[PDB]
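The structure appears right after this line, and notes come after that.
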Amino acid sequence: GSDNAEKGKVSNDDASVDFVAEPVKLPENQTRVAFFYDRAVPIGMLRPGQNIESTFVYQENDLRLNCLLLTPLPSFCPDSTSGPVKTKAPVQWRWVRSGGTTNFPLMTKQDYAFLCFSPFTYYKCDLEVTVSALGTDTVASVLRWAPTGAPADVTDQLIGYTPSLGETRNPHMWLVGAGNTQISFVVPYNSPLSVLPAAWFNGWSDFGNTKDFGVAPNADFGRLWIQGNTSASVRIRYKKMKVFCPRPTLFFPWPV
Amino acid sequence: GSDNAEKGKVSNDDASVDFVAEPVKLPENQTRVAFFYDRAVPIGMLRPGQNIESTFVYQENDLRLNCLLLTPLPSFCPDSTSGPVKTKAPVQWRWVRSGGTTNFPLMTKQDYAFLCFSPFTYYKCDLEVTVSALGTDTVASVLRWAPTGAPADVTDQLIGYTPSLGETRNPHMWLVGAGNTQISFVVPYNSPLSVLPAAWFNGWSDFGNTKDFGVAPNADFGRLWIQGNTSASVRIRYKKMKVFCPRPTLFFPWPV
Amino acid sequence: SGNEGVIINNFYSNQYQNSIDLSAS
Amino acid sequence: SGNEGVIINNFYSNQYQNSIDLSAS
Amino acid sequence: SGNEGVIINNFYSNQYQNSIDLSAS
Amino acid sequence: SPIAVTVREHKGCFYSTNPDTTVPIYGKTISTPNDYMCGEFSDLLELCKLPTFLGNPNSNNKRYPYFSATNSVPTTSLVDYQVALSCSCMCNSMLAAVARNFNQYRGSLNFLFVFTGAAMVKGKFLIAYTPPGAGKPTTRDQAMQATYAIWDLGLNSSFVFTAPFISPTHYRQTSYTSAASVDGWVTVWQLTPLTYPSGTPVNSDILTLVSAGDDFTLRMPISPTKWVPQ
Amino acid sequence: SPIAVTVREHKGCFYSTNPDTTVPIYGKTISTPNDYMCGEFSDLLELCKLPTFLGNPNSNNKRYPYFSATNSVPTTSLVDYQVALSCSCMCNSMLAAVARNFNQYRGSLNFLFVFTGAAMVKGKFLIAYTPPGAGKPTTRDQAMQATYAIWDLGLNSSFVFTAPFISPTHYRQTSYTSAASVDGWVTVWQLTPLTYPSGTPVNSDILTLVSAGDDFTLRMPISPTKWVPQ
Amino acid sequence: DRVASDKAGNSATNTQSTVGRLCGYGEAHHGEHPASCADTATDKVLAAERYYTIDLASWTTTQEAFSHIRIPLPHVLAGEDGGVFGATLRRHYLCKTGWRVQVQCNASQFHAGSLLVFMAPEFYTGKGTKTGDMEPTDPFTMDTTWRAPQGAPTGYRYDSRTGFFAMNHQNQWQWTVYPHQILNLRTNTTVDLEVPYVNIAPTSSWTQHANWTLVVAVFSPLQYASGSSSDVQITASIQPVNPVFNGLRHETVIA
């Protein structure tokens, strides 16, 4: 009943307060930050620019890359007054963008679900990654991972007829043979930062304050490089998620 | 603050010593010799010179061999004033070498990571070996292993239409069939020596002191011979590694 | 707390399965 | 000490899984 | 009661394996 | 010796919601300490109880965080919210924003009204909740027969009105997926006219916010029909 | 009876960093006894604390294990190290050599200076550490406003200067992978001129070494961009 | 009990119509030193721990629902108006602090209207798109004129194109989820807020990040009968709660 919104808050009632009624509440857990975000969701896909026997090289094709950034937020070959520089590794973008004329598909990669619904300012967690084959041919593929901020080491094949990506002390994966088609695994919160920005970082990324405003540095879970004969759908999963400082969700269009 | 380098050493300080400050140290284990080297890395690859049904024979092809030496250090068909003798089993070399005109690939096989970063004079450990298929065809392959110093027994097929390599009491492996594509296993520190030279052995390998200076004898983990229809990438992994007597790491080029 | 419902849920040690939580102060 | 984080980590006996450490003297 | 005859029958926690029975009142 | 195993028909299969974990590839990694942080929360449900704004449409059909009243008793209702998470005037409230990610709900909805007209203004309103079965009310008189409360203006600026959870089923679907369209209506009427003195703005604005009440819960996490902000 | 098993989607997959062991094929093999050995160590981190040489560039641009000073007070700084593992004058120190195999660091860096000029020579230097935010110092006067220490020549030959770990984040990236380029600078200035008597070499050389301080740590083992020695 | 006073060093706010002090995230900046810095911090500077009272804006009948002004922190107090606090701030790499604020605005019993006064972490303060670089303009400066709401709050892209949305999007329909209070002409002439220290890191490289923003937004339009005092300002008293400074150096030339 009667109250005062001015003070920053109000009585949070149930039927029994103003009327001859009562609390109808039942136990229920499924609405918890952790449990809720703890399910798999696609953010993009990987397409090999080259064989399992050669030297790897950044490669784009119809918005598809042979390498991808592990973050919920939007990403893509770095943008430029003259167009996204496709000869390079993807980076975090500040907005979502149509692949072409019509809205879909998207040029950018990201967790659309998480974007349309991230009721919070900061978050953190571990990331469980799943890489599933889109094709039906006996697979021969190599996958390389690296933590946020690490050298891409996108150098030349040392050993002929073998995959350059496999040539590293970093965590790499080798998948090959009939029936062997999906890669699954989990990586640690590997960022230099204490917590990550769910949406926006109200500051410059460089000391000169001239560049990339709104994007926090190393605000991601590292990245993936692929090589071999198979393209794959890539999904992420929020492990032991934690969120802070509540904020507004993505706007929804009012009915005409 | 004030000290004297002459005596062979100096105070190893933190901020709190010279100033109104303090120790900012956090717990952390990932910098340990054992843990650090305890990850897989490619040293070369194996290419079959012949069927699963025939008599095995040393064979080279575009720097690829049907046999390989288990050591981090550089190796290859034995060198000669007239060129590496390719009709023979690989041996330890004293330097790394380009396959051809440009730097890469390499003619020699080795753990490039371990070479660019082995801050120690001697080491020891067990070796975990992984042999992964580079191709997609139903595999039919045989792999033979032997400890450092053992007879190659690279003799003739006793039983017709079968693999000569399989004809031994030594540890051998038989892989065949759709989906069956990788071989994994671990071998013991099998050297006659107490510890191994991480880089250099400042002495002659023969009593006559005329030959192979800088290379310690039986300073390896044995070797692999292959036969059958499939080529494979070969990686090694340092198990329960131990290092001794610290020394300088591979030089890094000063910026022009 | 999260979406995990398996009893035999250890196999890999805890410290390997998850980032290690540690408090700066 | 090394990069191994599995609980059920025995299956193969120790002496088989690893080179046996023994001191000369 | 139903058509289930396996001893080691847990693996997945009960609450995950089945809808949770709860009485309104 | 090896253990004999029976390999189930469903092998190699991947489950987006699999209740179990997978393989760890970068172990013993410490998670950058964040003990300094404040503002943390665990349950999406709480966000639901924070009152946020209802979008009220204008003739030229554009939205306001409120509605207006004056020195008259409009024969019809001033505003009318349809108790239904899917419902549109809520399209943009935290309550609805969270609710669209879940299949079903239970419990009370709380409608919050804040009077922003001048201190010198007075008057009374009649807020009501009408359950289905006899159709939506078309007159204060009818509304008055269902669940209602009188809101009197005065020193205290606001009013919390609770739409009771009255239903056949223990739960209710959160979305207009096919058509039973609703779970009744919340209607606001003038009981007495806004009254005041000369020198006072004759048209007062009443802020309209909505939120999940105390009893309230959501369940079964799902995906909404995908959308694109305008 | 056989145990029924659910075969996970990720089968047949190989993990370079898999936290587990594999099959043993030559068991019961004794490891050649090495109890006689000395010089053993367990933590790469220790190598980090052993001070090694900084590579100081010459006009014709070639390197020296040191820098020179004389009977003057150069208006500008004598040398300036950029607190940044990736940084080049350290390119070849054990500290940097180890650090490039790890993704992040924390703690103090210790800069060691050794005076090798003649016993008869004297003088004072001003070593300073400047954190970012206001740009790198361009004058002793400015430097003097940040963290600093005065180094006085005398009987004792050397000096250990600690670049404090002052930072927004609990950790810092070890590599110049993209561009925030640095974590401040270490600058060396003359406070007073090197003074001396006739018959003494007018230009004294100061050995410059660097090492990880006590507080210091590294984490997340990785691979550096591959290189080839000249 | 609607009459209250708050003192801070040689400064003191005062009000006869308060509705209490809303304390965000239910807690305050305690002035702890950052575990990420080795150097002993500079703190407890009385001269710097007070209310800096300044002008916010002129509220008129013209402004509509959700029109607003954004005030960035610490930035807005990093220069001259910040006195000793700004002066000390300019000479340190890092700063970590909370905020205690009082927003003031009076009218009369014959006036109508209402404001939403609140504080948000990581809230977009960019003014416009910088022609050339594809970046914002004056992120760290306070709005000098009311800002119109977006009919469809999809944010601001810099690539000069339109479509979908930007990460700097802010959906006003939900602004009340942030720590706040409502300033209602018929109820109160002041609002009192307070927030802790939050951020992506233990302490802040302030020079390049406005982690907190003080936002004043209109809910119901200002209204008054002819003859009624037409001139209505909105001012504010801002105070740094337990500021803690690290990484002393030559001075950052905000100027």
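Following the order of the structure tokens, first chain is A, next is B, and so on, with residues numbered from 1 inside each chain and ligands from 1 in the order they appear.
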
**Request:** Can you check which residues of chain F have any atom within 7 Å of chain G? Use only C-alpha atoms and format it as JSON, numbers by chain.
**Result:** {"F": [4, 5, 6, 7, 8, 11, 12, 13, 14, 25, 29, 32]}

**Item:** stretch 230-244 of chain H surroundings by only C-alpha atoms, 8 Å radius, close-in-sequence under 3 positions cut, as a PyMOL selection string
**Value:** chain H and resi 13+29-33+41-44+48-60+95-107+224+227

Fit chain E to chain D: least squares, all C-alpha atoms, paired in order; write the output as a CSV table (one decimal) with N, CA, C and O atoms, in the first residue's frame.
chain,number,residue,atom,x,y,z
E,1,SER,N,54.3,-32.4,-7.9
E,1,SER,CA,55.4,-31.4,-8.3
E,1,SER,C,55.2,-30.9,-9.9
E,1,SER,O,55.2,-29.8,-10.2
E,2,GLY,N,55.0,-32.0,-10.6
E,2,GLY,CA,54.9,-31.8,-12.1
E,2,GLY,C,53.4,-31.4,-12.6
E,2,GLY,O,52.6,-31.2,-11.8
E,3,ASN,N,53.3,-31.4,-13.9
E,3,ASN,CA,51.9,-31.2,-14.5
E,3,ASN,C,50.9,-32.3,-14.6
E,3,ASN,O,50.4,-32.6,-15.6
E,4,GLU,N,50.7,-32.8,-13.4
E,4,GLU,CA,49.7,-34.0,-13.2
E,4,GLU,C,48.6,-33.8,-12.1
E,4,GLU,O,49.0,-33.6,-11.0
E,5,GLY,N,47.4,-33.7,-12.6
E,5,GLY,CA,46.3,-33.4,-11.6
E,5,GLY,C,45.1,-34.4,-11.5
E,5,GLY,O,44.0,-33.9,-11.3
E,6,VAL,N,45.5,-35.6,-11.7
E,6,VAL,CA,44.4,-36.7,-11.6
E,6,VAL,C,44.4,-37.6,-10.3
E,6,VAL,O,45.4,-38.2,-10.0
E,7,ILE,N,43.3,-37.5,-9.6
E,7,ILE,CA,43.1,-38.3,-8.4
E,7,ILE,C,43.3,-39.9,-8.5
E,7,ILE,O,44.3,-40.4,-7.9
E,8,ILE,N,42.4,-40.5,-9.2
E,8,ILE,CA,42.6,-42.0,-9.5
E,8,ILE,C,44.0,-42.4,-10.1
E,8,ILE,O,44.0,-43.3,-10.9
E,9,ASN,N,44.9,-41.5,-9.9
E,9,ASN,CA,46.2,-41.7,-10.6
E,9,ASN,C,47.2,-42.8,-10.3
E,9,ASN,O,48.4,-42.5,-10.2
E,10,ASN,N,46.7,-43.9,-10.2
E,10,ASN,CA,47.5,-45.2,-10.0
E,10,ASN,C,47.5,-46.3,-11.1
E,10,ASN,O,48.5,-46.6,-11.7
E,11,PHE,N,46.2,-46.8,-11.2
E,11,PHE,CA,46.1,-47.9,-12.2
E,11,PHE,C,47.3,-48.9,-12.6
E,11,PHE,O,47.3,-50.0,-12.2
E,12,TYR,N,48.2,-48.2,-13.2
E,12,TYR,CA,49.5,-48.9,-13.4
E,12,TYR,C,50.5,-48.7,-12.1
E,12,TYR,O,50.6,-47.5,-11.7
E,13,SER,N,50.9,-49.7,-11.7
E,13,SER,CA,51.8,-49.6,-10.5
E,13,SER,C,53.0,-48.5,-10.6
E,13,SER,O,53.5,-48.4,-11.8
E,14,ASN,N,53.3,-47.9,-9.6
E,14,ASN,CA,54.4,-46.9,-9.6
E,14,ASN,C,55.7,-47.2,-10.3
E,14,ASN,O,56.3,-46.4,-10.9
E,15,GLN,N,56.1,-48.3,-9.9
E,15,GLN,CA,57.4,-48.9,-10.5
E,15,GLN,C,57.4,-49.3,-12.0
E,15,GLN,O,58.5,-49.4,-12.6
E,16,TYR,N,56.2,-49.4,-12.4
E,16,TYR,CA,56.0,-49.6,-13.9
E,16,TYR,C,55.8,-48.2,-14.6
E,16,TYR,O,56.4,-47.9,-15.7
E,17,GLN,N,55.0,-47.4,-13.9
E,17,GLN,CA,54.8,-46.0,-14.5
E,17,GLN,C,56.0,-45.0,-14.6
E,17,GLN,O,56.0,-44.2,-15.4
E,18,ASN,N,56.9,-45.3,-13.7
E,18,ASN,CA,58.2,-44.5,-13.7
E,18,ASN,C,59.5,-45.2,-13.5
E,18,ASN,O,59.5,-46.3,-12.8
E,19,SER,N,60.5,-44.6,-14.1
E,19,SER,CA,61.9,-45.2,-13.8
E,19,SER,C,62.1,-45.3,-12.2
E,19,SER,O,61.6,-44.4,-11.5
E,20,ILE,N,62.6,-46.4,-11.9
E,20,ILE,CA,62.9,-46.5,-10.4
E,20,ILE,C,64.2,-45.7,-9.8
E,20,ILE,O,65.3,-46.0,-10.3
E,21,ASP,N,63.9,-44.8,-9.0
E,21,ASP,CA,65.0,-44.0,-8.4
E,21,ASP,C,65.8,-44.8,-7.2
E,21,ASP,O,65.1,-45.3,-6.3
E,22,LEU,N,67.0,-44.9,-7.5
E,22,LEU,CA,67.9,-45.6,-6.6
E,22,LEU,C,69.3,-45.0,-6.4
E,22,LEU,O,69.8,-44.5,-7.4
E,23,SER,N,69.6,-44.9,-5.2
E,23,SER,CA,71.0,-44.2,-5.0
E,23,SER,C,72.3,-45.2,-4.9
E,23,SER,O,72.3,-46.0,-4.0
E,24,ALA,N,73.1,-45.0,-5.9
E,24,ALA,CA,74.3,-45.8,-5.9
E,24,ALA,C,75.0,-46.2,-4.5
E,24,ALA,O,75.0,-47.3,-4.2
E,25,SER,N,75.4,-45.1,-3.9
E,25,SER,CA,75.9,-45.4,-2.5
E,25,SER,C,74.8,-45.9,-1.6
E,25,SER,O,74.2,-45.2,-0.8

**Prompt:** Distance atom CA of residue B:139-atom CA of residue A:137, one decimal place?
**Reply:**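 If I compute the distance from atom CA of residue B:139 to atom CA of residue A:137, I get 15.3 Å.
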
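Picture a line from atom CA of residue F:155 to atom CA of residue H:63; it runs 26.4 Å.
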
**Prompt:** In chain E, what's helix (DSSP H, G or I) per DSSP? Answer as a list in words?
**Reply:**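 Across chain E, those assigned helix (DSSP H, G or I) are residues 14, 15, 16 and 17 of chain E.
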
Grab the residues selected above and save them as a PDB file, in the first residue's frame with C-alpha atoms.
ATOM      1  CA  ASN E  14      19.111 -37.606  -8.060  1.00  0.00           C
ATOM      2  CA  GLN E  15      17.853 -34.085  -8.376  1.00  0.00           C
ATOM      3  CA  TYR E  16      19.369 -33.820 -11.824  1.00  0.00           C
ATOM      4  CA  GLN E  17      18.293 -37.295 -12.955  1.00  0.00           C
TER       5      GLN E  17
END

**Request:** Find the spatial neighbours of residue F:97, counting only C-alpha atoms, within a cut-off of 9 Å - ignore same-chain residues fewer than 6 positions away - and output them as a PyMOL selection string.
**Result:** (chain A and resi 117+119+249-252) or (chain F and resi 48+90-91)

Using only N, CA, C and O atoms, please write the residues we just selected to a file, as a PDB file, in the first residue's frame.
ATOM      1  N   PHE A 117      21.084 -10.136 -22.791  1.00  0.00           N
ATOM      2  CA  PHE A 117      20.832 -10.326 -21.289  1.00  0.00           C
ATOM      3  C   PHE A 117      21.960 -10.516 -20.216  1.00  0.00           C
ATOM      4  O   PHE A 117      22.214 -11.587 -19.751  1.00  0.00           O
ATOM      5  N   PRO A 119      22.422  -8.534 -17.121  1.00  0.00           N
ATOM      6  CA  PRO A 119      21.973  -7.518 -16.058  1.00  0.00           C
ATOM      7  C   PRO A 119      23.037  -6.975 -15.026  1.00  0.00           C
ATOM      8  O   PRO A 119      22.658  -6.596 -13.938  1.00  0.00           O
ATOM      9  N   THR A 249      19.608  -3.899 -18.816  1.00  0.00           N
ATOM     10  CA  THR A 249      19.762  -4.861 -19.989  1.00  0.00           C
ATOM     11  C   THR A 249      19.459  -4.238 -21.408  1.00  0.00           C
ATOM     12  O   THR A 249      18.861  -3.152 -21.419  1.00  0.00           O
ATOM     13  N   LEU A 250      19.912  -4.928 -22.362  1.00  0.00           N
ATOM     14  CA  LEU A 250      19.649  -4.416 -23.752  1.00  0.00           C
ATOM     15  C   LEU A 250      18.154  -4.043 -24.062  1.00  0.00           C
ATOM     16  O   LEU A 250      17.297  -4.888 -23.822  1.00  0.00           O
ATOM     17  N   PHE A 251      18.055  -2.850 -24.496  1.00  0.00           N
ATOM     18  CA  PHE A 251      16.643  -2.424 -24.900  1.00  0.00           C
ATOM     19  C   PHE A 251      15.764  -3.295 -25.866  1.00  0.00           C
ATOM     20  O   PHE A 251      16.348  -3.854 -26.806  1.00  0.00           O
ATOM     21  N   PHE A 252      14.631  -3.382 -25.491  1.00  0.00           N
ATOM     22  CA  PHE A 252      13.608  -4.125 -26.367  1.00  0.00           C
ATOM     23  C   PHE A 252      12.508  -3.286 -27.110  1.00  0.00           C
ATOM     24  O   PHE A 252      11.915  -2.433 -26.414  1.00  0.00           O
TER      25      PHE A 252
ATOM     26  N   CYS F  48      14.839  -8.841 -10.404  1.00  0.00           N
ATOM     27  CA  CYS F  48      13.334  -8.781 -10.644  1.00  0.00           C
ATOM     28  C   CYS F  48      12.478  -7.873  -9.675  1.00  0.00           C
ATOM     29  O   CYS F  48      11.468  -7.362 -10.106  1.00  0.00           O
ATOM     30  N   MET F  90       5.402  -3.325 -20.351  1.00  0.00           N
ATOM     31  CA  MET F  90       6.568  -3.793 -19.504  1.00  0.00           C
ATOM     32  C   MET F  90       7.823  -4.219 -20.365  1.00  0.00           C
ATOM     33  O   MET F  90       8.885  -4.389 -19.842  1.00  0.00           O
ATOM     34  N   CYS F  91       7.479  -4.360 -21.628  1.00  0.00           N
ATOM     35  CA  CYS F  91       8.597  -4.739 -22.607  1.00  0.00           C
ATOM     36  C   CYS F  91      10.069  -4.415 -22.110  1.00  0.00           C
ATOM     37  O   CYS F  91      10.940  -5.214 -22.247  1.00  0.00           O
TER      38      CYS F  91
END

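Relative to atom CA of residue A:153, atom CA of residue B:125 is found at 27.8 Å.
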
Chain B contacts to chain D at 7 Å (only C-alpha atoms) as a compact mmCIF listing (two decimals) with C-alpha atoms, in the first residue's frame:
# COMPACT_ATOMS: atom_id res chain seq x y z
CA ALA B 34 59.16 -29.98 -13.25
CA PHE B 35 55.69 -28.49 -13.93
CA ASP B 38 55.86 -31.21 -18.17
CA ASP B 126 61.55 -39.90 -18.14
CA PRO B 188 62.18 -44.57 -18.63
CA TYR B 189 65.38 -42.64 -18.28
CA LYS B 240 59.54 -35.79 -13.60

**Item:** Exercise: stretch 53-66 of chain A partners within 8 Å, only C-alpha atoms, chain neighbours under 6 positions left out, as a list in words
**Value:**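 Answer for this query is residues 45, 46, 47, 86, 87, 88, 89, 99, 107, 108, 154, 155, 156, 157, 160, 161, 162, 163, 164, 165, 225, 226, 227 and 228 of chain A; 134 of chain B.
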
Suppose we keep N, CA, C and O atoms; can you now write the selection as a compact mmCIF listing (two decimals), in the first residue's frame?
# COMPACT_ATOMS: atom_id res chain seq x y z
N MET A 45 32.36 -19.40 -35.31
CA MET A 45 32.93 -20.66 -35.89
C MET A 45 34.34 -20.53 -36.52
O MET A 45 34.73 -19.41 -36.83
N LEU A 46 34.94 -21.64 -36.58
CA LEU A 46 36.31 -21.65 -37.17
C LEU A 46 36.49 -22.34 -38.55
O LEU A 46 36.06 -23.48 -38.68
N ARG A 47 37.06 -21.59 -39.36
CA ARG A 47 37.37 -22.16 -40.73
C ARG A 47 38.91 -22.15 -41.11
O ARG A 47 39.48 -21.07 -41.10
N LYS A 86 41.52 -7.52 -42.56
CA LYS A 86 41.44 -9.03 -42.53
C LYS A 86 42.70 -9.91 -42.52
O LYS A 86 42.51 -11.14 -42.41
N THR A 87 43.75 -9.28 -42.67
CA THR A 87 45.06 -10.07 -42.58
C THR A 87 45.57 -10.26 -41.09
O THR A 87 46.65 -10.66 -40.86
N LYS A 88 44.62 -9.87 -40.25
CA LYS A 88 44.94 -9.96 -38.80
C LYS A 88 43.97 -10.66 -37.82
O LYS A 88 42.82 -10.78 -38.08
N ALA A 89 44.65 -10.99 -36.74
CA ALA A 89 43.80 -11.61 -35.64
C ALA A 89 42.59 -10.73 -35.10
O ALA A 89 42.81 -9.52 -34.95
N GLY A 99 26.79 -8.76 -41.41
CA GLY A 99 27.81 -9.26 -42.44
C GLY A 99 27.69 -8.45 -43.81
O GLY A 99 28.67 -8.19 -44.44
N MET A 107 28.64 -9.91 -39.21
CA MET A 107 30.13 -9.85 -39.55
C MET A 107 30.97 -10.20 -38.26
O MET A 107 31.93 -10.87 -38.31
N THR A 108 30.35 -9.68 -37.21
CA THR A 108 30.98 -9.94 -35.86
C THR A 108 30.58 -11.27 -35.10
O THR A 108 29.48 -11.74 -35.30
N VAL A 154 52.63 -16.59 -34.46
CA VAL A 154 52.15 -17.04 -35.85
C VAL A 154 53.29 -17.08 -36.93
O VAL A 154 53.25 -16.47 -37.94
N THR A 155 54.28 -17.78 -36.46
CA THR A 155 55.55 -17.97 -37.30
C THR A 155 55.58 -19.20 -38.28
O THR A 155 54.58 -19.93 -38.32
N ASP A 156 56.65 -19.33 -38.93
CA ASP A 156 56.81 -20.47 -39.92
C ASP A 156 57.02 -21.94 -39.39
O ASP A 156 57.73 -22.12 -38.42
N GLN A 157 56.47 -22.78 -40.18
CA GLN A 157 56.74 -24.26 -39.90
C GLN A 157 58.29 -24.59 -39.62
O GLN A 157 59.04 -24.34 -40.60
N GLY A 160 59.04 -29.53 -41.66
CA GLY A 160 58.24 -29.69 -42.94
C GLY A 160 57.05 -30.73 -42.89
O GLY A 160 57.14 -31.70 -42.16
N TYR A 161 56.09 -30.42 -43.69
CA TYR A 161 54.90 -31.33 -43.77
C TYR A 161 54.05 -31.53 -42.47
O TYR A 161 53.23 -32.43 -42.44
N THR A 162 54.36 -30.71 -41.58
CA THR A 162 53.56 -30.72 -40.27
C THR A 162 52.91 -29.33 -39.90
O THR A 162 53.35 -28.34 -40.53
N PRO A 163 51.99 -29.39 -39.07
CA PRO A 163 51.26 -28.09 -38.70
C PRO A 163 52.04 -27.02 -37.83
O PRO A 163 52.38 -27.43 -36.69
N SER A 164 52.23 -25.91 -38.40
CA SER A 164 52.95 -24.87 -37.55
C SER A 164 52.28 -24.57 -36.13
O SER A 164 52.98 -24.45 -35.16
N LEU A 165 50.96 -24.54 -36.23
CA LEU A 165 50.22 -24.30 -34.92
C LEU A 165 50.59 -25.30 -33.76
O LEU A 165 50.63 -24.91 -32.62
N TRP A 225 43.35 -20.66 -32.47
CA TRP A 225 43.83 -20.77 -33.90
C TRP A 225 43.60 -22.23 -34.46
O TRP A 225 43.85 -23.16 -33.66
N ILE A 226 43.14 -22.27 -35.60
CA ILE A 226 42.92 -23.61 -36.22
C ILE A 226 43.61 -23.88 -37.60
O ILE A 226 43.94 -22.91 -38.28
N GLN A 227 43.75 -25.05 -37.81
CA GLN A 227 44.46 -25.56 -39.08
C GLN A 227 44.06 -27.06 -39.40
O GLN A 227 43.79 -27.75 -38.38
N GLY A 228 44.03 -27.35 -40.58
CA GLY A 228 43.59 -28.76 -40.96
C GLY A 228 42.39 -28.78 -41.98
O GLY A 228 42.13 -27.73 -42.56
N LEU B 134 49.25 -37.73 -39.39
CA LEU B 134 49.08 -36.48 -40.23
C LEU B 134 48.04 -36.60 -41.40
O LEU B 134 47.67 -35.61 -41.98

**Request:** For residue G:41, list every protein, DNA or RNA residue within 8 Å, evaluated using only C-alpha atoms, and leave out those in the same chain fewer than 6 positions away; present the list as a list in words.
**Result:**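 Selected residues are residues 33, 242, 243, 244 and 245 of chain B.
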
Excluding same-chain residues fewer than 3 positions from stretch 108-112 of chain H, what lies within 7 Å of it counting only C-alpha atoms, as a compact mmCIF listing (two decimals) with N, CA, C and O atoms, in the first residue's frame?
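Done, and the output landed in result_35.txt:
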# COMPACT_ATOMS: atom_id res chain seq x y z
N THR F 116 3.85 12.83 -8.88
CA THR F 116 4.79 14.02 -9.06
C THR F 116 4.15 15.42 -9.34
O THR F 116 4.85 16.36 -9.61
N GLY F 117 2.84 15.36 -9.22
CA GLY F 117 2.11 16.69 -9.34
C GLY F 117 2.52 17.65 -8.14
O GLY F 117 3.30 17.15 -7.29
N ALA F 118 2.03 18.79 -8.20
CA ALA F 118 2.37 19.76 -7.06
C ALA F 118 1.89 19.39 -5.59
O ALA F 118 0.85 18.75 -5.48
N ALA F 119 2.72 19.79 -4.70
CA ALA F 119 2.30 19.53 -3.24
C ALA F 119 0.80 19.95 -2.87
O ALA F 119 0.14 19.29 -2.15
N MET F 120 0.49 21.05 -3.53
CA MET F 120 -0.90 21.61 -3.31
C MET F 120 -2.09 20.82 -3.92
O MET F 120 -3.23 21.15 -3.65
N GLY F 199 -3.26 28.89 -9.64
CA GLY F 199 -1.73 29.02 -9.66
C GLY F 199 -0.94 27.65 -9.68
O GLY F 199 0.27 27.67 -9.55
N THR F 200 -1.70 26.68 -9.83
CA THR F 200 -1.12 25.26 -9.88
C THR F 200 -1.30 24.47 -11.23
O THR F 200 -2.45 24.43 -11.68
N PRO F 201 -0.21 24.00 -11.66
CA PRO F 201 -0.37 23.11 -12.91
C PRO F 201 -1.53 22.03 -12.86
O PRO F 201 -1.52 21.18 -12.01
N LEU H 185 9.76 17.42 -6.57
CA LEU H 185 9.42 18.82 -6.11
C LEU H 185 8.43 18.99 -4.93
O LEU H 185 8.68 19.87 -4.09
N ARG H 186 7.47 18.14 -4.92
CA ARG H 186 6.48 18.20 -3.75
C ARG H 186 6.97 17.56 -2.38
O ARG H 186 6.37 17.83 -1.37
N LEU H 222 9.29 19.54 -15.61
CA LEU H 222 9.06 20.76 -14.74
C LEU H 222 7.79 21.59 -15.18
O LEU H 222 7.63 21.76 -16.40
N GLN H 223 7.07 21.92 -14.24
CA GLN H 223 5.80 22.70 -14.51
C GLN H 223 5.40 23.80 -13.46
O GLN H 223 5.47 23.48 -12.28
N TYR H 224 5.02 24.85 -13.99
CA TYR H 224 4.56 25.94 -13.10
C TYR H 224 3.63 27.01 -13.73
O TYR H 224 3.88 27.40 -14.85

**Asked** Counting only C-alpha atoms, what is within 12 Å of residue F:180, bar same-chain residues fewer than 5 positions away, as a PyMOL selection string?
**Response** chain F and resi 84+132-133+172-173+175

**Request:** Within stretch 8-249 of chain H, find each residue whose DSSP state, derived from the backbone, is strand (DSSP E), and express the selection as an MDAnalysis selection string.
**Result:** chainID H and resid 8 11:15 21:23 42:43 52:58 68:73 92:104 111:121 128:129 136:137 180:184 190:195 212:224 233:248

**Prompt:** Which one is closest to chain B: G:39, G:27, G:184, G:137? Count only C-alpha atoms.
**Reply:**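 Closest candidate: G:39.
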